[PDB]
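This document opens with one chain alone, in structure tokens, the form deposited in one PDB entry.
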């Protein structure tokens, strides 16, 4: 059984970019499952093999992630594969889609949805003509199942709330402004967003949080740990659907995880109302409570790390479910 992983939109080579990084981490966790795996990209290197140095049909399973030569190359390569393509649907904005006959992909496609609501995964892929089947699998838990995963230790607090990410093309501007702007709290927004991007008239604000630059994927939980709390919000279609990597990066940190009620109305992540907030007012009160009650803050951290540990204790079941999802 030989498996190959391709990144459809970006060149994979190092841990410089987030797309290249998450691809090497998937590869790492899949390898640690005891599977013979290769990443195919533009160049041969210490992590990758080039498209021209391999025969697409030597692989029994072809896994595709998404995050231009890399695109053209991947399409051309996939177009020659004679079996089913397993697409990891990790971002609602990145469903599978085709880029004339040398690029036309005719193979059936299995979309492994990170979101539990398969109707949303279907609607996003409605323009796909290929035979396509859907299945849910919590792909994002790959970070916590990695062999060298370590929980973040107690850190000195220099911030109240923190959030790391990008602007997502304004996909969640409403929520960012509601919870991170004009709170009168000491907030930091790290990543690719910039204050200037928040120009939508529908969401007025007076004072913005502090925008700092992006950090490596492997530094996120350590960065989150500088604050009392770290916020979990999502796009509209993530609500009650996707559990994102930020949930685990936050849960593993020394920052108490505060979740937008709308993101998880059933309280699937943690069945404890103290971790959820409905609006800006509740976020403020909740952070003030945490700042002034160490017993509370420490109790909540202990509860979230516990949940994290119980999930990590089901690694074998997670690995099996992954193998089954790729027809093994």
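Basically, rigid core = biggest C-alpha set you can superpose within 1.5 Å across the two forms. Residue numbers count along the first chain shown, from 1.
The protein also exists as the form deposited in another entry; that form is not presented, and the subsequent description refers to it.
Residue 239: CA moves less than 2 Å between this form and the one not shown after rigid-core fitting. Once both forms are fitted on their rigid core, the CA atom of residue 73 lies less than 2 Å apart between this form and the one not shown. Relative to the superposed rigid core, residue 153 undergoes a CA displacement smaller than 2 Å between this form and the one not shown. Note on residue 115 and residue 171: their C-alpha atoms are more widely spaced in the other form, a change of at least 3 Å from this conformation.
The pair residue 279 and residue 169 approaches in the other form: their C-alpha atoms are at least 3 Å nearer to each other than in the form depicted.
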